[PDB]
């Protein structure tokens with residue numbers, strides 16, 4: 001029982017990931033943790049990217065001593081997918097995928113099953129891992145106990161549900177600085193959660209619930225690479241335009257078969273739909289769509305649209321967002 005945090009044994013954490021600022025020393029630049037899901041995908045917390053984007057981020061898979069650049073593979077991020085219901089005020093749906101500029105073949109973590117979280121009694125032993133645990137260049141671990149969901153809500157609040165079948169849960173230390181890292185079931189090692197918030201200093205730590213998010217994760221680790229969110233921030237009135245690119249990284253061809261453009265209002269318009277010109281997307285092929293918003297009022301604009309593709313395996317959906325404020 002690892003009651004106080006302690007230097008981890010690295011062979012027990014081959015799938016851990018350090019998120020580090022691009023172009024910087026790994027130790028100085030580390031800002032979050034993550035877990036490697038296989039191929040080119042890393043699982044982490046959405047709020048790690050409140051003020052950062054893909055091109056400023058590397059990951060180090062199987063990192064352990066951040067000062068030892070021969071441990072783990074350092075790889076550039078190329079895309080970030082955050083939950084589109086992520087809210088930074090109270091950090092609900094605090095989850096994100098980092099799509100990497102190349103695949104790794106290092107071992108992947110095993111995620112907990114959709115039914116696992118609600119199966120676990122309170123006090124189920126769990127283990128958290130990362131560099132913040134309470135900075136040192138060495139990966140730390142510590143044990144924590146699962147807390148009653150009704151209790152988690154009362155103590156921590158910030159929109160936490162009393163229903164265990166929800167976005168996040170709590171776990172208690174027996175006596176934390178880097179979000180995004182994994183919490184795993186101590187027996188079996190399946191990643192049950194993602195470090196989100198709490199425990200900054202009579203509080204619990206709050207962890208994004210991986211069981212509740214398996215479909216969302218599957219949807220964003222599906223070898224369809226695209227621009228998710230174009231946030232244009234504050235803008236004057238007028239037609240604003242923005243291109244979005246969709247790329248098939250799968251070995252089987254993709255066929256553009258639908259979208260949700262109809263459902264959006266008159267403010268929104270499609271200036272150009274390259275995917276309708278190309279229609280079919282072989283391996284490595286891209287198509288782009290160019291959308292616009294005629295902002296004529298003073299308000300927040302946030303429009304979500306979905307492109308749907310058929311493929312041998314079934315179908316794939318990319319959901320993008322254009323956002324701005326006047």
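Looking at 85, 51, can you tell me which residue is more than 20 Å from residue 132 (Cβ to Cβ), within 17 Å of the chain's Cα centre (by Cα) and not in a helix (DSSP H, G or I)?
Going through 85, 51 in turn, the sole match is 85.
Which one of these is surrounded by fewer than 21 Cβ atoms within 10 Å (Cβ to Cβ) and within 30 Å of residue 145 (Cβ to Cβ): 208, 218?
Being surrounded by fewer than 21 Cβ atoms within 10 Å (Cβ to Cβ) and within 30 Å of residue 145 (Cβ to Cβ) holds for just one of 208, 218, which is 218.
For residue 261, indicate whether it is assigned by CATH to the domain that holds residue 299 and in contact with a helix residue (DSSP H, G or I) (Cβ under 9 Å, 6 or more places away or on another chain).
No: the conditions fail for residue 261.
Evaluate the following for residue 279: is it in contact with a strand residue (DSSP E or B) (Cβ under 6 Å, 6 or more places away or on another chain) and at positive phi?
yes
Given 166, 196, which one is part of a loop (DSSP other than H, G, I, E, B) and in contact with a strand residue (DSSP E or B) (Cβ under 9 Å, 6 or more places away or on another chain)?
None of the others qualify; the one that does is 166.
Can you find a residue in region 273-289 that is more than 19 Å from residue 248 (Cβ to Cβ) and surrounded by fewer than 17 Cβ atoms within 10 Å (Cβ to Cβ)?
No, every residue in region 273-289 fails to be more than 19 Å from residue 248 (Cβ to Cβ) and surrounded by fewer than 17 Cβ atoms within 10 Å (Cβ to Cβ).
Within region 226-247, is there a residue that is in a loop (DSSP other than H, G, I, E, B), closer than 27 Å to residue 30 by Cα and touching a helix residue (DSSP H, G or I) at 6+ places or on another chain (Cβ under 8 Å)?
No, because not a single residue in region 226-247 is in a loop (DSSP other than H, G, I, E, B), closer than 27 Å to residue 30 by Cα and touching a helix residue (DSSP H, G or I) at 6+ places or on another chain (Cβ under 8 Å).
Within region 260-267, identify whether any single residue is part of a strand (DSSP E or B) and crowded, with 16+ Cβ neighbours inside 10 Å, and answer yes or no.
The answer is no, given that none of the residues of region 260-267 is part of a strand (DSSP E or B) and crowded, with 16+ Cβ neighbours inside 10 Å.
If I filter region 169-182 for residues that are surrounded by fewer than 22 Cβ atoms within 10 Å (Cβ to Cβ), farther than 30 Å from residue 308 by Cβ, in contact with a strand residue (DSSP E or B) (Cβ under 8 Å, 6 or more places away or on another chain) and assigned by CATH to the domain that holds residue 289, do I get at least one hit?
No; the residues of region 169-182 include none that is surrounded by fewer than 22 Cβ atoms within 10 Å (Cβ to Cβ), farther than 30 Å from residue 308 by Cβ, in contact with a strand residue (DSSP E or B) (Cβ under 8 Å, 6 or more places away or on another chain) and assigned by CATH to the domain that holds residue 289.
Cβ atoms come from the backbone with ideal geometry, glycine included; neighbour counts cover every protein chain shown. What is reported rests on the model, the rules as stated and the sources as named; no laboratory instrument gave them.
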